[PDB]
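Single-structure report; data block below.
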Amino acid sequence: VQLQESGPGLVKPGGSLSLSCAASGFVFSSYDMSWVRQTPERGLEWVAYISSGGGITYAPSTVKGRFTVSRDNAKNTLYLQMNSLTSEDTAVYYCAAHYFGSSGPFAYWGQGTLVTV
Amino acid sequence: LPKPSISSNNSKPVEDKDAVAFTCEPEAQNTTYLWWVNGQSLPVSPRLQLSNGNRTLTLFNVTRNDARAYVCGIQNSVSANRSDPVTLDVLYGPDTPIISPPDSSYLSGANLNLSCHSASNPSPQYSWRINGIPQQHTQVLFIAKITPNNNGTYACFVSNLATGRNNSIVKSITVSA
Amino acid sequence: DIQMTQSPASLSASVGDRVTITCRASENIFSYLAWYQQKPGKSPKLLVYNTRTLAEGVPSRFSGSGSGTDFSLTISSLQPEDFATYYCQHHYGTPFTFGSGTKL
Ligand SMILES: *[C@@H]1O[C@H](CO[C@@H]2O[C@@H](C)[C@@H](O)[C@@H](O)[C@@H]2O)[C@@H](O[C@@H]2O[C@H](CO)[C@@H](O[C@@H]3O[C@H](CO[C@H]4O[C@H](CO)[C@@H](O)[C@H](O)[C@@H]4O)[C@@H](O)[C@H](O[C@H]4O[C@H](CO)[C@@H](O)[C@H](O)[C@@H]4O)[C@@H]3O)[C@H](O)[C@H]2NC(C)=O)[C@H](O)[C@H]1NC(C)=O
Ligand SMILES: *[C@@H]1O[C@H](CO)[C@@H](O[C@@H]2O[C@H](CO)[C@@H](O)[C@H](O)[C@H]2NC(C)=O)[C@H](O)[C@H]1NC(C)=O
Ligand SMILES: *[C@@H]1O[C@H](CO)[C@@H](O[C@@H]2O[C@H](CO)[C@@H](O)[C@H](O)[C@H]2NC(C)=O)[C@H](O)[C@H]1NC(C)=O
Ligand SMILES: *[C@@H]1O[C@H](CO)[C@@H](O)[C@H](O)[C@H]1NC(C)=O
Ligand SMILES: *[C@@H]1O[C@H](CO)[C@@H](O)[C@H](O)[C@H]1NC(C)=O
Ligand SMILES: *[C@@H]1O[C@H](CO)[C@@H](O)[C@H](O)[C@H]1NC(C)=O
């Protein structure tokens, strides 16, 4: 059960970045995954969701857009795209799988990657 | 005149075990109140009751078809006041699961891709069993590059934490060559 | 949406002392709460999913309980390994919101 995250790192506030999450040790297609970000001040929060092989997508009510999710099961790679960065977007991001679908707990957490902007 | 507001027994009622109630705020004296149901007024049926002098609404036998917008309005000469519509969410139990590839037989080397659909109000808890031994706790079961005689009975189990009821479907899958 | 508040902000206990952590939800979540344990500098790990079942053969010391708005997690015996940073999550449906966290 390996889930390795990756990101560009520190970027200009007026720029954009694309995250990646590679998987190994278990079937990527059968598992729904999501994005959880942590800040030392606010804490933990959920910022993205994806279903199996695309399909239904959900985003937090804080920002309707500005978030894109795209998974490739053949490459076992899950990608998150964000633009129009803001000073509150500095956090550490984890890609985490799911049990039972979209109503289950967050299992198989990853090491995660920090990012500031 | 202030706009009426509505309050409920239960924001998330459950099918066949819960009963919902509705109370609108104004409770003004020497006034008459009415209820709009998806643009329809006073559906006459024992299921829907109006008590406390056209003040409290009560609904029994909650099913998935009760998800209708309800509005309490006050009737006077110049009142013409109705509450903002409110949507009700029925937590109905899972239905009979269906496996999207309805074929009972496959070919050698075919990518087993089974999707189990239950159509419940929340996302059902999905589990998959092969010959009685649990394998995964997901909805989609994927097996690639199947070997001849790796076959058997595949069972999708669907659970709901709102009702606690079971629902399992077992289908026999086999491959010749 | 859904707001999660953890009553014990922080506490200290000796080895072998029974400890309890209490989380509360603004609205009603039936039995969907889960507890995540995070070591300093390490990724969180799942425990007590569906608020009554342990995860991945972890020792039986942990016990989840509670129904409705309030939920609790109890450790009967505390091991010399110092555990802290316990979070509560509902995951009833999107959006998903976490608790404040408890440091011990
Ligand atoms: C396992 O099965 C999965 C589902 O199986 C389906 O059901 C069975 C019974 C078979 O019929 C099987 O053929 C079915 O696929 C399967 O997942 C499926 O994967 C395909 C891609 O391989 C998906 O097709 C894509 O659909 C989207 C539709 O957009 C969705 O999202 C938007 C936004 O959220 C919604 O608004 C929509 O309503 C949809 O829900 C298309 O946009 C997309 O287009 C792509 O292709 C075109 C060219 O035609 C390009 O121009 C585009 O740029 C895209 O590249 C695809 O057509 C399909 O949605 C998905 N199923 C579900 C339910 O999501 C899976 O791949 C199988 N294999 C594995 C290993 O899991
Ligand atoms: C909802 O309204 C009903 C009464 O109008 C109450 O709850 C029900 O009360 C009856 C009375 O015996 C019970 O038979 C039902 O089982 C109750 N419903 C439940 C428990 O879901 C109560 O005043 C209001 N609130 C709740 C939570 O029921
Ligand atoms: C179990 O394995 C046996 C192998 O002896 C299968 O029986 C035959 O398998 C060959 C090669 O896979 C097929 O070409 C034949 O058609 C099979 N005979 C039949 C179907 O009568 C058998 O199909 C496998 N599965 C079972 C018994 O469920
Ligand atoms: C639903 O209606 C039937 C008959 O109208 C009744 O017997 C049953 O008790 C009702 N369900 C509940 C939960 O009251
Ligand atoms: C509601 O008002 C109407 C007309 O005033 C009448 O049916 C009755 O007085 C009230 N109660 C019920 C149950 O209809
Ligand atoms: C039914 O209830 C739950 C699933 O929601 C499970 O614990 C129990 O074992 C099930 N019983 C069956 C499938 O016989």
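Within each chain, counting starts at residue 1; across the structure tokens, chains are named A, B, ... in the order shown, with ligands numbered 1 upward in that order.
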Notebook entry, point to check: Counting only C-alpha atoms, what is within 9 Å of stretch 59-64 of chain C, bar same-chain residues fewer than 2 positions away, as a ChimeraX atom specification?
Noted result: /C:34-35,47-54,57,66,71-78
Can I get the selection written as a CSV table (one decimal), in the first residue's frame, with N, CA and C atoms?
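The result, stored in selection_25.csv:
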chain,number,residue,atom,x,y,z
C,34,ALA,N,-15.2,8.4,12.4
C,34,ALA,CA,-13.9,7.6,12.4
C,34,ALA,C,-12.9,8.5,13.1
C,35,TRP,N,-11.9,7.8,13.7
C,35,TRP,CA,-10.8,8.5,14.5
C,35,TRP,C,-9.5,8.3,13.8
C,47,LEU,N,-8.6,4.6,12.4
C,47,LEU,CA,-9.1,3.7,13.4
C,47,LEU,C,-10.6,3.9,13.7
C,48,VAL,N,-11.2,2.9,14.2
C,48,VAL,CA,-12.6,2.9,14.6
C,48,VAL,C,-13.5,3.5,13.5
C,49,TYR,N,-13.6,2.8,12.4
C,49,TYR,CA,-14.5,3.3,11.3
C,49,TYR,C,-15.9,2.7,11.5
C,50,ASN,N,-16.9,3.4,11.2
C,50,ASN,CA,-18.3,3.2,11.5
C,50,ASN,C,-18.5,3.2,13.0
C,51,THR,N,-17.6,3.9,13.8
C,51,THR,CA,-17.6,4.2,15.2
C,51,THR,C,-17.7,3.0,16.1
C,52,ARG,N,-17.7,1.8,15.5
C,52,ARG,CA,-17.7,0.6,16.4
C,52,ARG,C,-16.8,-0.6,15.9
C,53,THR,N,-16.0,-0.4,14.9
C,53,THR,CA,-15.2,-1.5,14.3
C,53,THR,C,-13.8,-1.0,14.2
C,54,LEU,N,-12.8,-1.7,14.7
C,54,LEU,CA,-11.4,-1.4,14.6
C,54,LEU,C,-10.9,-1.7,13.2
C,57,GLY,N,-6.4,-4.9,12.3
C,57,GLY,CA,-5.8,-5.8,13.3
C,57,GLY,C,-5.1,-5.0,14.4
C,66,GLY,N,-20.9,5.7,21.2
C,66,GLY,CA,-21.7,6.9,21.0
C,66,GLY,C,-22.6,6.8,19.8
C,71,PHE,N,-19.8,11.4,20.1
C,71,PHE,CA,-19.1,10.2,20.0
C,71,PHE,C,-17.8,10.2,20.9
C,72,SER,N,-17.4,9.0,21.3
C,72,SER,CA,-16.2,8.9,22.2
C,72,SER,C,-15.4,7.8,21.8
C,73,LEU,N,-14.1,7.9,22.1
C,73,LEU,CA,-13.1,6.9,21.9
C,73,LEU,C,-12.3,6.7,23.2
C,74,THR,N,-12.2,5.4,23.6
C,74,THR,CA,-11.6,5.1,24.9
C,74,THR,C,-10.4,4.1,24.7
C,75,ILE,N,-9.3,4.4,25.4
C,75,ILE,CA,-8.2,3.5,25.5
C,75,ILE,C,-8.1,3.1,26.9
C,76,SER,N,-8.2,1.7,27.1
C,76,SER,CA,-8.2,1.2,28.4
C,76,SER,C,-6.8,1.3,29.1
C,77,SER,N,-5.8,0.9,28.3
C,77,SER,CA,-4.4,0.9,28.8
C,77,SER,C,-3.5,1.7,27.9
C,78,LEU,N,-2.7,2.6,28.5
C,78,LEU,CA,-1.8,3.5,27.8
C,78,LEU,C,-0.4,2.9,27.8
Item checked: Spatial neighbours of residue C:7, max dist 10 Å, only C-alpha atoms, sep filter under 3 positions, as a ChimeraX atom specification -> /C:4,10,21-24,99-102
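Near ligand 4, the residues found within 9 Å are residues 15, 16, 17, 18, 19, 46, 47, 60, 61, 62 and 63 of chain B (criterion computed using only C-alpha atoms and all ligand atoms).
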Item checked: Contact residues around stretch 162-177 of chain B with only C-alpha atoms at 6 Å, ignoring same-chain residues under 4 positions, as number ranges by chain -> B: 104-108, 151-158
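Remark: for chain B, the closest of the candidate residues C:70, C:82, C:27, C:56 is C:27 (distances computed over only C-alpha atoms).
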Margin query: Let me see if you get this right: every residue at most 6 Å from ligand 1, counting only C-alpha atoms and all ligand atoms, written as a PyMOL selection string.
Written below: (chain A and resi 29+53-57) or (chain B and resi 100-101+113)
Checklist line | Long-range neighbours of stretch 133-135 of chain B as a PyMOL selection string, 12 Å cut-off, only C-alpha atoms, 3 positions minimum in chain | finding: (chain A and resi 26-27+30) or (chain B and resi 126-130+138-143+152-157)
Can you write just those residues out, N, CA, C and O atoms, as a compact mmCIF listing (two decimals), in the first residue's frame?
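Written out: out02.txt:
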# COMPACT_ATOMS: atom_id res chain seq x y z
N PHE A 26 -2.03 -1.94 -4.64
CA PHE A 26 -3.45 -2.26 -4.62
C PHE A 26 -4.10 -1.72 -5.88
O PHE A 26 -3.52 -0.87 -6.58
N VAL A 27 -5.30 -2.21 -6.17
CA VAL A 27 -5.99 -1.86 -7.41
C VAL A 27 -6.43 -0.40 -7.33
O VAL A 27 -7.20 -0.01 -6.45
N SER A 30 -10.49 0.23 -8.60
CA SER A 30 -11.59 -0.16 -7.73
C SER A 30 -11.78 0.78 -6.54
O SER A 30 -12.80 0.68 -5.85
N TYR B 126 -20.46 -0.84 0.38
CA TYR B 126 -20.32 -1.92 -0.59
C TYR B 126 -19.20 -2.87 -0.17
O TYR B 126 -18.12 -2.43 0.23
N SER B 127 -19.47 -4.17 -0.26
CA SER B 127 -18.44 -5.18 -0.06
C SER B 127 -18.61 -6.28 -1.09
O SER B 127 -19.71 -6.52 -1.59
N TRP B 128 -17.50 -6.94 -1.41
CA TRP B 128 -17.48 -7.99 -2.43
C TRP B 128 -16.90 -9.26 -1.84
O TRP B 128 -15.85 -9.22 -1.18
N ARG B 129 -17.57 -10.38 -2.08
CA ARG B 129 -17.12 -11.69 -1.62
C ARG B 129 -17.01 -12.64 -2.80
O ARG B 129 -17.88 -12.65 -3.68
N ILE B 130 -15.94 -13.42 -2.83
CA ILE B 130 -15.74 -14.44 -3.85
C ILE B 130 -15.71 -15.79 -3.14
O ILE B 130 -14.80 -16.07 -2.35
N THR B 138 -15.11 -2.21 -1.43
CA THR B 138 -15.40 -1.18 -2.43
C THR B 138 -16.64 -1.57 -3.22
O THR B 138 -17.22 -2.64 -3.04
N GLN B 139 -17.04 -0.67 -4.13
CA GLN B 139 -18.20 -0.90 -4.98
C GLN B 139 -17.81 -1.63 -6.27
O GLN B 139 -18.46 -2.61 -6.64
N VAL B 140 -16.77 -1.17 -6.94
CA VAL B 140 -16.32 -1.78 -8.19
C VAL B 140 -15.32 -2.87 -7.86
O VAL B 140 -14.36 -2.65 -7.12
N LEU B 141 -15.54 -4.06 -8.41
CA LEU B 141 -14.63 -5.19 -8.28
C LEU B 141 -13.94 -5.40 -9.62
O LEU B 141 -14.61 -5.63 -10.63
N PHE B 142 -12.61 -5.33 -9.62
CA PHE B 142 -11.83 -5.43 -10.85
C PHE B 142 -10.81 -6.54 -10.71
O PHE B 142 -10.01 -6.55 -9.77
N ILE B 143 -10.84 -7.48 -11.65
CA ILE B 143 -9.83 -8.53 -11.77
C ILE B 143 -9.40 -8.59 -13.23
O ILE B 143 -10.24 -8.74 -14.12
N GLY B 152 -16.67 -18.86 -10.05
CA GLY B 152 -17.46 -19.14 -8.87
C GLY B 152 -18.57 -18.13 -8.71
O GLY B 152 -18.97 -17.46 -9.66
N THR B 153 -19.07 -18.03 -7.48
CA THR B 153 -20.17 -17.14 -7.15
C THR B 153 -19.61 -15.86 -6.54
O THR B 153 -18.94 -15.91 -5.50
N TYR B 154 -19.88 -14.73 -7.19
CA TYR B 154 -19.48 -13.43 -6.69
C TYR B 154 -20.68 -12.75 -6.06
O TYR B 154 -21.76 -12.69 -6.67
N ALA B 155 -20.50 -12.24 -4.84
CA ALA B 155 -21.58 -11.65 -4.07
C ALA B 155 -21.26 -10.19 -3.78
O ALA B 155 -20.18 -9.88 -3.26
N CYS B 156 -22.20 -9.31 -4.11
CA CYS B 156 -22.14 -7.91 -3.71
C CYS B 156 -23.06 -7.73 -2.51
O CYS B 156 -24.25 -8.04 -2.58
N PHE B 157 -22.49 -7.26 -1.40
CA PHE B 157 -23.23 -6.97 -0.19
C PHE B 157 -23.36 -5.46 -0.05
O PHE B 157 -22.36 -4.74 -0.14
Notebook entry, point to check: Could you state the separation of atom CA of residue A:79 and atom CA of residue A:19 in Å, given to one decimal place?
Noted result: 5.4 Å
Next item on the list: Write out as an NGL selection string each polymer residue (protein, DNA or RNA) that has an atom no more than 10 Å from ligand 2, with only C-alpha atoms and all ligand atoms counted.
Entry: :B and (8-11 or 13-14 or 17-22 or 56-60)
Next item on the list: Please identify which residues in stretch 10-159 of chain B DSSP calls strand (DSSP E) from the backbone, and express them as an NGL selection string.
Entry: :B and (20-24 or 32-37 or 40-41 or 48-51 or 56-59 or 70-75 or 81-82 or 98-99 or 105-106 or 112-117 or 125-130 or 133-136 or 140-143 or 152-159)
Next item on the list: Dump the neighbourhood of ligand 5 as a PyMOL selection string: all residues within 9 Å, distances computed on only C-alpha atoms and all ligand atoms.
Entry: chain B and resi 32-34+42+49-55
Take the residues that were just selected and, keeping N, CA and C atoms, output them as a PDB file, in the first residue's frame.
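New file again_35.pdb:
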ATOM      1  N   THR B  32     -55.484  32.629   9.584  1.00  0.00           N
ATOM      2  CA  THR B  32     -55.626  31.288   9.038  1.00  0.00           C
ATOM      3  C   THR B  32     -54.374  30.926   8.252  1.00  0.00           C
ATOM      4  N   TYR B  33     -53.947  29.672   8.376  1.00  0.00           N
ATOM      5  CA  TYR B  33     -52.728  29.191   7.745  1.00  0.00           C
ATOM      6  C   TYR B  33     -53.048  28.068   6.769  1.00  0.00           C
ATOM      7  N   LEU B  34     -52.226  27.965   5.729  1.00  0.00           N
ATOM      8  CA  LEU B  34     -52.382  26.944   4.705  1.00  0.00           C
ATOM      9  C   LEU B  34     -51.010  26.402   4.333  1.00  0.00           C
ATOM     10  N   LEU B  42     -53.231  21.371   0.296  1.00  0.00           N
ATOM     11  CA  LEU B  42     -54.039  20.441   1.077  1.00  0.00           C
ATOM     12  C   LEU B  42     -54.314  19.135   0.338  1.00  0.00           C
ATOM     13  N   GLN B  49     -51.652  14.902   8.040  1.00  0.00           N
ATOM     14  CA  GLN B  49     -52.576  15.431   9.032  1.00  0.00           C
ATOM     15  C   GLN B  49     -52.207  16.865   9.378  1.00  0.00           C
ATOM     16  N   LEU B  50     -53.227  17.660   9.691  1.00  0.00           N
ATOM     17  CA  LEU B  50     -53.051  19.056  10.068  1.00  0.00           C
ATOM     18  C   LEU B  50     -53.754  19.274  11.398  1.00  0.00           C
ATOM     19  N   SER B  51     -53.002  19.707  12.407  1.00  0.00           N
ATOM     20  CA  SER B  51     -53.494  19.775  13.776  1.00  0.00           C
ATOM     21  C   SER B  51     -53.186  21.143  14.373  1.00  0.00           C
ATOM     22  N   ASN B  52     -53.654  21.336  15.611  1.00  0.00           N
ATOM     23  CA  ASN B  52     -53.505  22.594  16.346  1.00  0.00           C
ATOM     24  C   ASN B  52     -54.173  23.744  15.594  1.00  0.00           C
ATOM     25  N   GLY B  53     -55.273  23.438  14.913  1.00  0.00           N
ATOM     26  CA  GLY B  53     -55.996  24.444  14.163  1.00  0.00           C
ATOM     27  C   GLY B  53     -55.229  24.946  12.958  1.00  0.00           C
ATOM     28  N   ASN B  54     -54.950  24.045  12.014  1.00  0.00           N
ATOM     29  CA  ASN B  54     -54.223  24.378  10.787  1.00  0.00           C
ATOM     30  C   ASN B  54     -52.860  24.994  11.098  1.00  0.00           C
ATOM     31  N   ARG B  55     -52.167  24.438  12.090  1.00  0.00           N
ATOM     32  CA  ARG B  55     -50.912  25.015  12.557  1.00  0.00           C
ATOM     33  C   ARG B  55     -49.744  24.053  12.404  1.00  0.00           C
TER      34      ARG B  55
END
Check: Please, which residues of chain A lie no more than 8 Å from chain C when the count uses only C-alpha atoms, and can they be set out as JSON, numbers by chain?
Finding: {"A": [43, 44, 45, 46, 58, 59, 60, 61, 102, 103, 104, 105, 106, 107, 108, 109, 110, 111, 112]}
Once you have the residues from the selection above, write them out as an mmCIF file, in the first residue's frame, restricted to N, CA, C and O atoms.
data_model
loop_
_atom_site.group_PDB
_atom_site.id
_atom_site.type_symbol
_atom_site.label_atom_id
_atom_site.label_comp_id
_atom_site.auth_asym_id
_atom_site.auth_seq_id
_atom_site.Cartn_x
_atom_site.Cartn_y
_atom_site.Cartn_z
ATOM 1 N N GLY A 43 -6.060 23.489 10.548
ATOM 2 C CA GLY A 43 -6.151 22.065 10.807
ATOM 3 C C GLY A 43 -6.305 21.247 9.542
ATOM 4 O O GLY A 43 -5.688 21.562 8.523
ATOM 5 N N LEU A 44 -7.120 20.198 9.593
ATOM 6 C CA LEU A 44 -7.335 19.313 8.457
ATOM 7 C C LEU A 44 -8.629 19.678 7.744
ATOM 8 O O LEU A 44 -9.614 20.060 8.382
ATOM 9 N N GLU A 45 -8.624 19.561 6.418
ATOM 10 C CA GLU A 45 -9.816 19.843 5.632
ATOM 11 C C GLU A 45 -9.779 19.028 4.347
ATOM 12 O O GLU A 45 -8.723 18.571 3.906
ATOM 13 N N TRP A 46 -10.957 18.850 3.757
ATOM 14 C CA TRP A 46 -11.142 18.056 2.548
ATOM 15 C C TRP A 46 -11.366 18.996 1.371
ATOM 16 O O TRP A 46 -12.216 19.888 1.445
ATOM 17 N N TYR A 58 -17.045 15.932 -6.532
ATOM 18 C CA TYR A 58 -17.545 16.848 -5.520
ATOM 19 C C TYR A 58 -16.418 17.747 -5.038
ATOM 20 O O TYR A 58 -15.255 17.341 -4.982
ATOM 21 N N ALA A 59 -16.778 18.979 -4.690
ATOM 22 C CA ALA A 59 -15.837 19.984 -4.229
ATOM 23 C C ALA A 59 -16.402 20.661 -2.990
ATOM 24 O O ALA A 59 -17.625 20.714 -2.814
ATOM 25 N N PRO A 60 -15.543 21.176 -2.113
ATOM 26 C CA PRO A 60 -16.040 21.863 -0.917
ATOM 27 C C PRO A 60 -16.806 23.127 -1.273
ATOM 28 O O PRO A 60 -16.545 23.780 -2.287
ATOM 29 N N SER A 61 -17.768 23.466 -0.414
ATOM 30 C CA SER A 61 -18.616 24.629 -0.643
ATOM 31 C C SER A 61 -17.870 25.950 -0.499
ATOM 32 O O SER A 61 -18.418 26.990 -0.876
ATOM 33 N N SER A 102 -18.173 6.765 -1.328
ATOM 34 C CA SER A 102 -18.096 8.149 -0.879
ATOM 35 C C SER A 102 -18.643 8.361 0.525
ATOM 36 O O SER A 102 -18.559 9.482 1.038
ATOM 37 N N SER A 103 -19.204 7.332 1.156
ATOM 38 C CA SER A 103 -19.734 7.444 2.508
ATOM 39 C C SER A 103 -18.882 6.708 3.533
ATOM 40 O O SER A 103 -19.343 6.476 4.656
ATOM 41 N N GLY A 104 -17.655 6.336 3.179
ATOM 42 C CA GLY A 104 -16.807 5.580 4.065
ATOM 43 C C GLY A 104 -15.643 6.382 4.609
ATOM 44 O O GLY A 104 -15.458 7.559 4.289
ATOM 45 N N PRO A 105 -14.831 5.746 5.449
ATOM 46 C CA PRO A 105 -13.712 6.451 6.080
ATOM 47 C C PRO A 105 -12.554 6.645 5.114
ATOM 48 O O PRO A 105 -12.511 6.092 4.014
ATOM 49 N N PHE A 106 -11.595 7.455 5.553
ATOM 50 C CA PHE A 106 -10.374 7.705 4.797
ATOM 51 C C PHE A 106 -9.325 6.683 5.217
ATOM 52 O O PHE A 106 -8.770 6.767 6.317
ATOM 53 N N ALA A 107 -9.051 5.720 4.345
ATOM 54 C CA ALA A 107 -8.050 4.698 4.599
ATOM 55 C C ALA A 107 -6.897 4.858 3.619
ATOM 56 O O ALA A 107 -7.028 5.499 2.573
ATOM 57 N N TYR A 108 -5.756 4.267 3.978
ATOM 58 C CA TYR A 108 -4.550 4.282 3.152
ATOM 59 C C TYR A 108 -4.102 5.719 2.861
ATOM 60 O O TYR A 108 -4.138 6.201 1.730
ATOM 61 N N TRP A 109 -3.702 6.401 3.929
ATOM 62 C CA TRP A 109 -3.137 7.732 3.777
ATOM 63 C C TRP A 109 -1.732 7.649 3.182
ATOM 64 O O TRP A 109 -1.085 6.598 3.189
ATOM 65 N N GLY A 110 -1.264 8.782 2.659
ATOM 66 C CA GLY A 110 0.051 8.882 2.068
ATOM 67 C C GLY A 110 0.973 9.786 2.874
ATOM 68 O O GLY A 110 0.564 10.464 3.814
ATOM 69 N N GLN A 111 2.250 9.780 2.478
ATOM 70 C CA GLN A 111 3.238 10.612 3.159
ATOM 71 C C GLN A 111 2.911 12.092 3.005
ATOM 72 O O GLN A 111 3.064 12.870 3.953
ATOM 73 N N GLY A 112 2.475 12.499 1.821
ATOM 74 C CA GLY A 112 2.041 13.862 1.595
ATOM 75 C C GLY A 112 3.182 14.791 1.223
ATOM 76 O O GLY A 112 4.357 14.519 1.465
#
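Of the residues under consideration (C:3, C:19, C:31, C:9), C:31 shows the shortest atom-to-atom contact distance to ligand 6 when counting only C-alpha atoms and all ligand atoms.
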Margin query: Between C:79, C:65, C:6, C:28, which residue has the minimum interatomic distance to chain B, considering only C-alpha atoms?
Written below: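 Of the candidates, the smallest distance to chain B is held by C:28.
Atom pair atom CA of residue B:67 / atom CA of residue B:88: separated by 5.0 Å.
Using only C-alpha atoms for every distance, the candidate list A:22, A:74, A:82, A:17 yields A:74 as the residue closest to chain B.
Computed from the coordinates, the atom 4 (C, counted along the ligand's line) of ligand 3 to atom CA of residue B:110 distance equals 17.5 Å.
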Notebook entry, point to check: For chain B, which residue out of A:80, A:117, A:97, A:48 is the nearest one, using only C-alpha atoms?
Noted result: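 Of all the options, A:97 lies closest to chain B.
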